[PDB]
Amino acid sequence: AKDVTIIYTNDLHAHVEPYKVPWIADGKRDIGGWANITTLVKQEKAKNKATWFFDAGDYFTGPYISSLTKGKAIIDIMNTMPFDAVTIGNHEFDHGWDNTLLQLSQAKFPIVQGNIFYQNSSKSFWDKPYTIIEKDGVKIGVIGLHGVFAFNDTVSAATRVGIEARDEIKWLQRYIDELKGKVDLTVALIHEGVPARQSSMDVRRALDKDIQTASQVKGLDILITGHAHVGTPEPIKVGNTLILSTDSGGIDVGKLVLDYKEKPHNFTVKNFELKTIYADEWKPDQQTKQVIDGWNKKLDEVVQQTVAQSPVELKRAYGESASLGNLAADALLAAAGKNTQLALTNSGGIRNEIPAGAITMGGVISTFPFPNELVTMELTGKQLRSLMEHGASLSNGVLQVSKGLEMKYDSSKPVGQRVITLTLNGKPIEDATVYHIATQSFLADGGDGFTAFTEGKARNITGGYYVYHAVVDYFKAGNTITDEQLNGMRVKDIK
């Protein structure tokens, strides 16, 4: 018998330094930090030779250190961490697939990705579908895959032109088959399912896709999943497969210890822990911290600039309005100008709280990190209601809306029949009426399954002018945070 230890993360989302989470110790205790995670993994690797560290994608995008470097800083920091293999998540595409190739080429650790291809081609996007990593005489085959639904749902259209993910189940079984007689254990790092709830609290999230995947293939030992940000405090067992995940952002790190007795694909679980990382319990790895610090110094000049103030922490919600959604929608509306009647933006695009006090450029970027450009268009009331119904389905959260738009839905009704009321400036939205709206390019191209945006007429896109520019400009124009932004339930579940 040999201890075989697998440590894993997913959806780290550029949370390179320790930070507060409103629902952990009431936002009063720092969690995570990648230098802390480095210390954890280094200590485990020092204790047992047969120890692997894996990540299931979405290390890009969150705190400004990612967006402002197009993920370059993130690869540099990860190069100081002892990863044995990672896969590619949707967020690694956020600055375009050419940037994906460029940045990830700089990784000093293996990256596996076996089901993204050039459209109308058999050519693979990445060059390595799986790899074998041997430690202390034990060989682990590691496969990387992205779910097709998740890829189409969450990769911005503008960043995936000419590439696509293909049937993840077909490829998973193929790679399991190719590895079967070559390895002791087969692990898949799969980025798939429903996107994470983005909330300061609020919409049920689970790992149903991953259970389905495990039930559909034969011979997979371990399935480490990312995308949903739903941790597995105990492994989910499906046949002989164990499904593992974390709560994202380095809030916790999973550790699985197996008893392996030299019979390939046969093992028992010795111990499992999904451990919450409290910064005050860890010594940060000095090399990782040094690389983070160097990047912060480079970016400081730009990010430190004060752009606004708030009397209270600004929050987000996935199933209803919250202050950051109200603000962003009002900012898009202001930027579009007086011919525009309303603005809509997505809850999943709002990635962090903004603290009370002086608001800085860095804070705004961390909350609104995406290169999603301002778009104006004309939609009918029927098209608007369709978008509202898609929001109310909660598959991708509700749309956040500008002042004057009010929507009430009831989540206990069937999907597609949940909207109860929908008014603009007190008047019901009407099917045939044309409305002048503002949004951004992720939604305009049908992101998050909001298909009706693609039917908009009289479309105008402002190149290079992103949500965070709109927010900064809202304050530059002399607007402030209002009480109705802080407290207005413009979108509400009345269940």
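Don't overthink the numbering: it's just position in the shown sequence, from 1.
Counting the unmodelled positions of the deposited sequence between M201 and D202 gives a small gap of 1 to 3 residues. Taking only CA atoms, the mean B-factor in the PDB entry is higher for 213-221 than for the other of 157-165 and 213-221. Taking only CA atoms, the mean B-factor in the PDB entry is higher for 303-311 than for the other of 303-311 and 348-356. Take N48, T439, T39, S66 and read off each C-alpha B-factor from the entry; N48 has the highest. Ranking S122, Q113, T276, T268 by Cα temperature factor from the entry places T268 first. Per the PDB record, residue ranking by Cα B-factor puts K135 in the highest third of the chain. Among the modelled residues of the chain, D58 sits in the lowest third by CA temperature factor in this PDB entry. Among all modelled residues in its chain, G456 ranks in the middle third by Cα B-factor.
Ranked by C-alpha B-factor against the other modelled residues of its chain, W295 falls in the middle third.
Sorting the modelled residues of the chain by their CA temperature factor places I251 in the middle third.
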